């Protein structure tokens with residue numbers, strides 16, 4: 001007959017004691033095995049086989065020596081008898097570690113497109129934020145819902161249940177709009193008013209918990225800020241660390257500047273150190289400035305401002321090629337990879353922006369500047385993941401991003417959860433597992 005009925009490697013693994021079964025494809029005359037530990041002594045693999053009556057292996061020991069660079073090697077396994085022989089191509093492979101999120105396995109909770117969150121169907125809601133536990137919807141009340149700003153518990157939304165938890169907004173008044181932007185940070189809620197001129201109150205409010213009374217933490221007289229523009233609060237980039245320290249950036253409507261507003265201890269706004277930073281008309285009113293990790297650098301982008309690495313005074317360090325009206329640029333580190341999370345805005349009825357959550361791979365490179373350079377230099381500039389929110393271009397295309405990382409019982413990253421929201425399109429939560437070794 002002359003064939004190989006079964007085969008095993010008897011001495012795989014660091015300790016040369018793992019028995020690994022082979023798969024024989026008789027039509028193709030091939031033999032495969034699951035990938036072996038990289039610590040295996042591949043120079044002398046001992047094998048055991050079942051053959052047809054009378055057939056012998058040439059040898060029971062095979063040399064699959066590979067250099068550290070190579071992950072696979074094929075050798076001929078010959079079976080012989082009294083006058084016949086048959087050659088099989090036997091492939092042995094090393095395990096290859098894998099990193100980051102598996103973007104091929106999204107779990108999506110969609111409140112956009114056909115399922116657009118109702119408050120997001122008008123320009124009376126221009127902001128939403130997410131922290132894994134809730135979604136904050138900064139809705140100004142309007143027909144027919146008349147919803148004030150509220151939270152939605154993520155566990156409810158995953159079951160398709162919309163159950164608004166309204167914030168206490170007693171005394172939350174002042175400004176051309178009482179509220180417009182906001183954020184969920186450290187389990188707290190922040191909201192800011194829209195100041196329509198020098199004399200319009202520019203207020204920042206804080207909720208310790210969802211059921212707390214509101215606290216006014218700032219009431220900024222824009223008229224007392226030398227160099228400030230006319231209107232603030234159309235956009236906001238809240239950068240507040242785990243100790244409640246950082247800056248809120250507020251670009252003026254005319255895109256002449258940003259107000260950099262310092263915050264410490266979660267609630268203390270330093271009015272004596274508000275800085276006016278130069279912006280440019282191409283940023284537009286839809287623009288954001290977000291801190292890279294716990295470093296002293298930030299990413300700035302806008303409608304006609306590609307994602308740019310800048311210092312804390314908005315001094316330009318590196319302009320990347322990531323554009324397409326990507327706004328709210330956040331750098332996410334997850335399971336040893338580094339991603340850029342953006343939402344494309346779609347500002348102007350004629351805009352051709354994707355209107356989408358987009359993720360770009362920025363893994364290769366030491367620093368964020370190196371990573372942006374390496375991205376720019378590569379052949380492929382497509383996002384590694386996209387979720388289109390639907391809708392079309394409008395005149396108030398404010399968009400937000402956020403993320404949350406779930407860790408396992410051992411403190412290791414397990415699940416990457418990404419959020420984007422866009423005015424008049426809605427919001428999405430997209431969850432991804434860590435990659436698993438292609439156990440092929």
Could you give me the residue pairs with C-beta distances under 7 Å whose first residue belongs to the stretch 257-275 and is free of Cβ contacts under 8 Å to residues at least 12 places away in the same chain, whose second residue is assigned to a strand (DSSP E or B) wherever it lies, and which are 6+ apart or on separate chains? 270/262; 270/264; 273/262
Does residue 293 satisfy the criteria of being farther than 22 Å from residue 372 by Cβ and surrounded by fewer than 17 Cβ atoms within 10 Å (Cβ to Cβ)? no
Top-ranked residue in the stretch 177-201 [being farther than 17 Å from residue 150 by Cβ and without any contact (Cβ under 8 Å) to a residue 40 or more places away in the chain; ranked as surrounded by the fewest Cβ atoms within 10 Å (Cβ to Cβ)]: 199
Taking the residues in the stretch 285-312 that are without any contact (Cβ under 8 Å) to a residue 40 or more places away in the chain and assigned to a loop (DSSP other than H, G, I, E, B) as candidates, determine which candidate is farthest from residue 414 (Cα to Cα). 304
Enumerate the strands (runs of 3 or more DSSP E) found wholly within the stretch 1-91, keeping only those where 1 or more residues are touching a residue at least 60 places away in the same chain (Cβ under 8 Å) and surrounded by 17 or more Cβ atoms within 10 Å (Cβ to Cβ). 4-12, 23-25, 30-32, 72-80
Quickly run through the stretch 236-274 and pick out the residues that are surrounded by fewer than 17 Cβ atoms within 10 Å (Cβ to Cβ), farther than 19 Å from residue 295 by Cα and touching a strand residue (DSSP E or B) at 6+ places or on another chain (Cβ under 6 Å). 267, 270, 273
Can you pull out the residues in the stretch 140-159 that are over 25 Å from the mean Cα position of the chain (by Cα) and crowded, with 16+ Cβ neighbours inside 10 Å? 140, 147, 148, 149
Taking residue 365, is it in contact with a helix residue (DSSP H, G or I) (Cβ under 6 Å, 6 or more places away or on another chain) and either assigned by CATH to the domain that holds residue 234 or surrounded by fewer than 16 Cβ atoms within 10 Å (Cβ to Cβ) (or both)? yes
So which residues in the stretch 99-113 are in contact (Cβ under 8 Å) with a residue 40 or more places away in the chain, loosely packed, with under 14 Cβ neighbours inside 10 Å and over 12 Å from residue 428 (Cα atoms), if there are any at all? 99, 105
In the stretch 203-215, what count of residues is obtained for those that are closer than 10 Å to residue 233 by Cβ and in contact (Cβ under 8 Å) with a residue 40 or more places away in the chain? 1
Could you give me the residue pairs with C-beta distances under 8 Å whose first residue belongs to the stretch 128-156 and is without any contact (Cβ under 8 Å) to a residue 12 or more places away in the chain, whose second residue is crowded, with 20+ Cβ neighbours inside 10 Å and not in a loop (DSSP other than H, G, I, E, B) wherever it lies, and which are 6+ apart or on separate chains? none
Could you tell me whether residue 119 is loosely packed, with under 14 Cβ neighbours inside 10 Å and touching a strand residue (DSSP E or B) at 6+ places or on another chain (Cβ under 7 Å)? no
Out of all the residues in the stretch 405-415, is one or more in the same structural domain as residue 352 (by CATH), within 21 Å of residue 287 (Cβ to Cβ) and buried (at least 17 other Cβ atoms within 10 Å of the Cβ)? no
Look at residue 323 and say whether it is within 24 Å of residue 372 (Cα to Cα) and assigned by CATH to the domain that holds residue 402. yes
Taking the stretch 79-116 and keeping only residues that are over 30 Å from residue 387 (Cα atoms) and under 38 Å from the mean Cα position of the chain (by Cα), one is left with 91, 92, 93, 94, 95
Looking only at the stretch 429-440, which residues are part of a strand (DSSP E or B) and either touching a helix residue (DSSP H, G or I) at 6+ places or on another chain (Cβ under 9 Å) or over 16 Å from residue 402 (Cα atoms) (or both)? 429, 433, 434
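When we count neighbours, we look across all protein chains shown, and the Cβ atoms used for this are built from the backbone with ideal geometry, even at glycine. All of this is worked out from the model, or read from it or from the source named; none is laboratory data.
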